[PDB]
Amino acid sequence: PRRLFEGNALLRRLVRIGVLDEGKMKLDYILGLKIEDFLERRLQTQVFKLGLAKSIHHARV
Amino acid sequence: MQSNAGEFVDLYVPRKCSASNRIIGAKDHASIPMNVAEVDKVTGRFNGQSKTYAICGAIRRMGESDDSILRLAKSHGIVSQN
Amino acid sequence: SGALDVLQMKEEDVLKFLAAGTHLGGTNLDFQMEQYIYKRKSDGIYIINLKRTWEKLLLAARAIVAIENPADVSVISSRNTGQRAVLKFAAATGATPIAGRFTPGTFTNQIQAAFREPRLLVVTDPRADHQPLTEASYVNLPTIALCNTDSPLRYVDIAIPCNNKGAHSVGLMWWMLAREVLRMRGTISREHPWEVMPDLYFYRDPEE
Amino acid sequence: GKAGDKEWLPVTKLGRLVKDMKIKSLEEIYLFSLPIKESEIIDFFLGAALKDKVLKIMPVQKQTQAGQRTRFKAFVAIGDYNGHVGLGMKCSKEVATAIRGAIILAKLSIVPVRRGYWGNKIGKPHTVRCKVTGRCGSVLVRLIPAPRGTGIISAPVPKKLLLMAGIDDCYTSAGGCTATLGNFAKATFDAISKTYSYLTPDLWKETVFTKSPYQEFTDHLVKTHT
RNA sequence: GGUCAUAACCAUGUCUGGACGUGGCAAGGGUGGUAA
């Protein structure tokens, strides 16, 4: 019971922010995560990516 | 070696010597394959298909090989009774 | 063996072995050289069996045949008796002789104008030609030789027991070796007697 | 143009089959555990992925009645990230020559490494086959398998070698002196070598055996060829 | 199966001395002139 309930709710949260696919969703793919995917989900990155800026330096301001 | 993907990984499968059932390196320079030529055994003349063996350098350098080559060949030809 | 009588002992050759004193063997044993001896004499001599000689002659010879190009089965001897013998050997069957002092580093070097690179070796007497044997295990050569009854076995894949303290025992054994390889590879086989004499495979010896 | 090239003429048997092109991988050479003697053979199959990483350039010197006499001894690593690495040391009276002497010697001693998985397969190995060791004069390393994404956790010196090997994740433990790095690096190199010599239940299936490249291609090695 | 001898004494040291650091291979050019 510990492995099921924990893993399910862990992976749910990784999917909810979208640093992980649901075409993955196994505990092994947690380990395939890396630094850059987190940093992509940051607000200033998403401002730049999907809204008006001229550089990343603009977007933070 | 086979993964769950069915990918047949590892650069090469190394040969396993018949001397003592263990595996040689890739820089062991005392490990020798020795090809014996078969004959028809009706007239005594060369006939095609060789019997090939392989022996590891470890048993060779201590000097066990003379018995090993004999024992391998004794269960076949051209020694069947010694 | 298993061939009818054409790869089995002949009545003729028994006489030749015994006249050349090959059956007699030195006064010492090893822990590897006691599987070819039968027993000891009244005297300190230890009597090699000739049945045991005959089988070992054959599969030894069959390996010498198995190379496609015979021009690189390099024979070696440095003791005086096995000099005249090897020269006729390597004339009869395609081989490369190395008579006298070996000059070490022959196969180890890259730069040397006497560089060789054979596949097999056939050596007389391990404890006189120890230099090429040691060097064999740096270039992955199989090895064959003629052991007495006390020669050290180490880097010897197959042995062919013999008396080999000189006399006719040396030259006779190299002659028999050359007889077999031609029956198997060539078309000299007829199972009726070979023309060539074991006489001119013997030692030169100080002449009249 | 006005300038040709001519590079490499083999005087070695193994060199001749490669130059005439009948051997087409290193894996053929290694399976018969043949000597290599010419450093162009290795650099023909590879040499399109080999880097060098000069570890140390260390002085040594002997004594004579006229004073000091100094020789420079340098260690140089070599390896592609596909699993072939090697190592060499060499000394000479001058510096640059010693380095270039070491890059040759290092090419000669290249060996393969065998990689495996932590415990569950998902394709593309990432770690060491099993927990192995290797000692050189009271320095040793104990390469211990590791799960994905932990990187190579080692001192700076073995972190070079293991990275060049393409081994992604590893844990190590050392014992004894490691400030005499000539031992330390050779001991790492020793450990990675043993991977193919370690018997595993995988390898218990029987190997077919096949005739030597020397044997099969002997008709091309005799015409005028060495 | 091979033949040969006698050792005294003998301590100490003013002294602020040694050039070593990274694999470049690598000029690349011709107006005058017999003829013209």
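So the protein lines, in turn, are chains A, B, C and D. At position 12 of the first sequence (counting the first as 1) the number is 7 in our numbering, and the numbers step up by one without a gap. Each number in our numbering corresponds to the 1-based position in the second sequence with 2 added. Each number in our numbering corresponds to the 1-based position in the third sequence with 680 added. Each number in our numbering corresponds to the 1-based position in the fourth sequence with 1 added. A virtual CB, placed ideally from N, CA and C, is assigned to each residue, including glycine.
DSSP three-state assignment for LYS20/D, whether helix, strand or coil: helix
Short CB-CB distance (under 8 angstroms) between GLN712/C and chain B: Yes, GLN712/C lies at the interface with chain B (some Cβ there is under 8 angstroms from its Cβ).
Selected residue, minimal CA-CA separation from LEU698/C, among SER869/C, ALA746/C and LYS731/C: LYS731/C
For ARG781/C, the nearest candidate out of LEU857/C, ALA770/C, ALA794/C and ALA775/C (CA to CA): Distance check between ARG781/C and each of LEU857/C, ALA770/C, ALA794/C and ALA775/C places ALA794/C closest, using alpha-carbon atoms only.
Three CB pairs or more closer than 8 angstroms across the stretch 165 to 179 of chain D and the stretch 128 to 140 of chain D: yes
Start-to-end residues for the alpha helix (DSSP H) that takes in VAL61/D: That residue, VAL61/D, is in no alpha helix (DSSP H); its beta strand (DSSP E) goes 52 to 65.
Partner residues on chain B for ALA839/C, Cβ-Cβ distance less than 8 angstroms: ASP68
Reduced DSSP secondary structure (H/G/I, E/B, other) of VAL41/B: Three-state DSSP puts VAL41/B in a strand.
Three-state class that DSSP yields for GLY762/C in the structure shown: helix
Exposed unless 16 or more other CB atoms sit within 10 angstroms - verdict on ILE26/B: buried
Enclosing beta strand (DSSP E) for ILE728/C [first to last residue]: 726 to 728
8 angstroms Cβ cutoff, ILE42/D in contact with chain B: It does not: the Cβ of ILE42/D has no partner Cβ on chain B nearer than 8 angstroms.
Chain B contact residues for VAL133/D, given Cβ-Cβ distances below 9 angstroms: Neighbours of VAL133/D on chain B: none; closest Cβ ~14 angstroms, over 9 angstroms.
Best match in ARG870/C, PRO886/C, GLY785/C and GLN790/C for proximity to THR814/C [C-alpha to C-alpha]: Checked all of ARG870/C, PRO886/C, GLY785/C and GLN790/C; the closest Cα to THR814/C is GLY785/C.
Collapsed DSSP secondary structure at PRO35/B in the structure displayed: Correct three-state label for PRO35/B: strand.
Within 7 angstroms of chain B by C-beta, residues of the stretch 154 to 186 of chain D in sequence order: none
Under 9 angstroms from the C-beta of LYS14/D: neighbouring residues of chain C: Within chain C, the residues near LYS14/D are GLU797.
Cβ shell of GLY701/C (< 8 angstroms), same chain only, five flanking positions each side left out: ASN843, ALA847, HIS848 and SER849
Contact list for the stretch 739 to 757 of chain C against chain D, Cβ threshold 7 angstroms: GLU748 and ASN749
Proximity test, Cβ basis, 8 angstroms: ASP32/A and chain D: no
DSSP beta-bridge partners of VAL802/C: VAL755/C and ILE824/C
Nearest-angstrom Cα separation, counted from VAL223/D out to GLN811/C: 28 angstroms
Among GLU888/C, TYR883/C, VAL766/C and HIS872/C, the one whose alpha carbon lies nearest that of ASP693/C: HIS872/C
CA nearest to the CA of residue 64/A, picked from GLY152/D, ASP203/D, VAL209/D and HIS221/D: Nothing about residue 64/A can be read from this structure; chain A reaches only from -4 to 56.
Spatial distance of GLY762/C from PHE46/D (CA atoms): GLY762/C and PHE46/D have their C-alpha atoms spaced approximately 45 angstroms apart.
Paired residues, beta bridge with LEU141/D - DSSP: Per DSSP, the beta-bridge partners of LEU141/D are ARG136/D and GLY176/D.
Residue 85/B: contacting residues in chain D (beta-carbon distance under 8 angstroms): In the structure as shown, chain B begins at 3 and stops at 84. Residue 85/B is therefore absent and cannot be evaluated.
Proximity test, Cβ basis, 8 angstroms: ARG732/C and chain B: Closer than 8 angstroms: yes.
Members of the stretch 95 to 126 of chain D that neighbour chain B once the beta carbon cut-off is set at 9 angstroms: When CB distances to chain B are screened at a threshold of 9 angstroms, the residues of the stretch 95 to 126 of chain D falling below it are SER110, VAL112, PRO113, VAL114, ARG115, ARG116, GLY117, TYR118, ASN121, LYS122, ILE123, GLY124, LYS125 and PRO126, in chain order.
Stretch pair the stretch 38 to 47 of chain B + the stretch 47 to 61 of chain D: three plus CB contacts closer than 8 angstroms: Contact between the stretch 38 to 47 of chain B and the stretch 47 to 61 of chain D is absent, because fewer than three Cβ pairs lie under 8 angstroms.
Proximal residues to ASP21/D (C-beta, below 8 angstroms), its chain only, five neighbours per side dropped: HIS221 and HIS226
8 angstroms contact criterion, which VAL56/A and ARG36/A should meet: CB distance rounded: Rounded, the Cβ-Cβ distance is 20 angstroms, inconsistent with contact.
Same chain only: Cβ atoms within 6 angstroms of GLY706/C, ignoring 5 sequence neighbours per side: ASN828, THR829 and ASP830
Buried versus exposed, by CB contacts within 10 Å (16 or more), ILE824/C: buried
Residues in the stretch 26 to 52 of chain A having any Cβ partner in chain D nearer than 9 angstroms: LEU26, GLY27, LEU28 and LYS29
Cα-Cα separation between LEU695/C and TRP855/C, rounded to whole angstroms: 15 angstroms
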